[PDB]
Amino acid sequence: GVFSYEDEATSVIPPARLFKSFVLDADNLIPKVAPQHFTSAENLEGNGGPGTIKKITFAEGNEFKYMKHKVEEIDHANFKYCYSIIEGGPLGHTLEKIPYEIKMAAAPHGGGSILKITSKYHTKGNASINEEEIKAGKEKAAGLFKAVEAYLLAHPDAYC
């Protein structure tokens, strides 16, 4: 069982530069688009290319929250980046995984780019998702992706 949600940003930066930039700022997404919510991200197993698992720590509240991420695939020839949450208390109730898909995307002007952001939410075994995890899911995701957007769009120094 699967649900999905998405958003798309823009930049004066061309795709191949924004590519290589987002790759180096991927673990940096966590504090810069969800600052209060996560507490740390940590490299668990693998060398930082796709395949690599991260151990993730998230907010206090009688018991601090636990997850694991993994980088999943990266391509230049169609300019994509991918990760998923593999494990955690935030999945455990109904979800196998929440994958993410990112595109550095051709703009109608060839000198700039679009930066597309995607998330998808997949159930544990043959189960059904919570409508409460849909409603939380997309809307926490407007929280994430409008801070990806206003991070990108409100970046003042992009002429460099």
# chains A, B, ... in the order shown; residues from 1 in each chain; ligands from 1

call {"tool": "closest_atom_pairs", "arguments": {"of": "stretch 41-98 of chain A", "to": "stretch 113-126 of chain A", "cutoff": "8 Å", "atoms": "only C-alpha atoms", "output": "CSV"}}
result
residue,atom,partner,partner_atom,distance
A:94,CA,A:124,CA,5.5
A:95,CA,A:123,CA,4.1
A:96,CA,A:124,CA,4.2
A:97,CA,A:122,CA,5.5
A:98,CA,A:121,CA,4.5

call {"tool": "residues_around", "arguments": {"residues": "residue A:157", "least_positions_apart": "4", "cutoff": "12 Å", "atoms": "only C-alpha atoms", "output": "short mmCIF file (atom, residue, chain, number, x, y, z; two decimals) with N, CA and C atoms, in the first residue's frame"}}
result
data_model
loop_
_atom_site.label_atom_id
_atom_site.label_comp_id
_atom_site.auth_asym_id
_atom_site.auth_seq_id
_atom_site.Cartn_x
_atom_site.Cartn_y
_atom_site.Cartn_z
N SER A 11 16.05 27.64 -9.20
CA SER A 11 17.32 28.33 -8.94
C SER A 11 17.99 28.84 -10.22
N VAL A 12 18.70 29.97 -10.13
CA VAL A 12 19.67 30.42 -11.15
C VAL A 12 20.83 29.43 -11.36
N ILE A 13 21.10 28.54 -10.40
CA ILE A 13 22.16 27.53 -10.49
C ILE A 13 21.75 26.44 -11.51
N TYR A 151 14.38 27.84 1.71
CA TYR A 151 15.86 27.76 1.69
C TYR A 151 16.44 28.15 0.32
N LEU A 152 16.00 27.51 -0.77
CA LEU A 152 16.43 27.74 -2.16
C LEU A 152 16.08 29.14 -2.71
N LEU A 153 14.80 29.49 -2.66
CA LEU A 153 14.24 30.75 -3.18
C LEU A 153 14.73 31.98 -2.41
#

call {"tool": "select_by_dssp", "arguments": {"residues": "stretch 1-101 of chain A", "states": "strand (DSSP E or B)", "output": "ChimeraX atom specification"}}
result
/A:2-11,38-45,53-58,65-75,80-88,95-101

call {"tool": "residues_around", "arguments": {"residues": "residue A:39", "least_positions_apart": "6", "cutoff": "9 Å", "atoms": "only C-alpha atoms", "output": "CSV table (one decimal) with C-alpha atoms, in the first residue's frame"}}
result
chain,number,residue,atom,x,y,z
A,31,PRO,CA,18.9,20.4,10.4
A,56,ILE,CA,19.2,9.0,13.0
A,57,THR,CA,18.1,10.6,16.4
A,58,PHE,CA,14.9,12.6,16.9
A,59,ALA,CA,13.2,14.8,19.6
A,60,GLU,CA,12.8,14.1,23.3

call {"tool": "residues_around", "arguments": {"residues": "residue A:137", "least_positions_apart": "2", "cutoff": "10 Å", "atoms": "only C-alpha atoms", "output": "list in words"}}
result
residues 3, 4, 5, 98, 119, 120, 121, 130, 131, 132, 133, 134, 135, 139, 140, 141, 142 and 143 of chain A

call {"tool": "closest_atom_pairs", "arguments": {"of": "stretch 87-117 of chain A", "to": "stretch 73-81 of chain A", "cutoff": "6 Å", "atoms": "only C-alpha atoms", "output": "Markdown table"}}
result
| residue | atom | partner | partner_atom | distance |
| --- | --- | --- | --- | --- |
| A:102 | CA | A:81 | CA | 5.0 |
| A:103 | CA | A:80 | CA | 4.6 |
| A:104 | CA | A:79 | CA | 5.3 |

call {"tool": "write_last_selection", "arguments": {"atoms": "N, CA and C atoms", "output": "CSV table (one decimal), in the first residue's frame"}}
result
chain,number,residue,atom,x,y,z
A,102,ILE,N,14.6,13.0,-5.5
A,102,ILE,CA,15.0,14.4,-5.8
A,102,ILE,C,15.5,14.5,-7.2
A,103,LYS,N,15.0,15.5,-8.0
A,103,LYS,CA,15.5,15.8,-9.3
A,103,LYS,C,16.1,17.2,-9.4
A,104,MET,N,17.3,17.3,-9.9
A,104,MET,CA,17.8,18.6,-10.5
A,104,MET,C,17.3,18.5,-12.0

call {"tool": "atom_distance", "arguments": {"atom1": "atom CA of residue A:92", "atom2": "atom CA of residue A:1"}}
result
14.9 Å

call {"tool": "residues_around", "arguments": {"residues": "residue A:69", "least_positions_apart": "3", "cutoff": "7 Å", "atoms": "only C-alpha atoms", "output": "PDB file with C-alpha atoms, in the first residue's frame"}}
result
ATOM      1  CA  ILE A  53      22.826   3.495   6.102  1.00  0.00           C
ATOM      2  CA  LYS A  54      22.601   6.383   8.636  1.00  0.00           C
ATOM      3  CA  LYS A  55      21.448   6.048  12.296  1.00  0.00           C
ATOM      4  CA  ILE A  56      19.166   9.027  13.044  1.00  0.00           C
ATOM      5  CA  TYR A  83      17.173   8.071   0.124  1.00  0.00           C
ATOM      6  CA  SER A  84      14.655   6.170   2.322  1.00  0.00           C
ATOM      7  CA  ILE A  85      13.924   5.613   6.046  1.00  0.00           C
ATOM      8  CA  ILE A  86      14.655   1.842   6.497  1.00  0.00           C
TER       9      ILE A  86
END

call {"tool": "closest_residue", "arguments": {"among": "A:48, A:62, A:93, A:99", "to": "residue A:129", "atoms": "only C-alpha atoms"}}
result
A:93
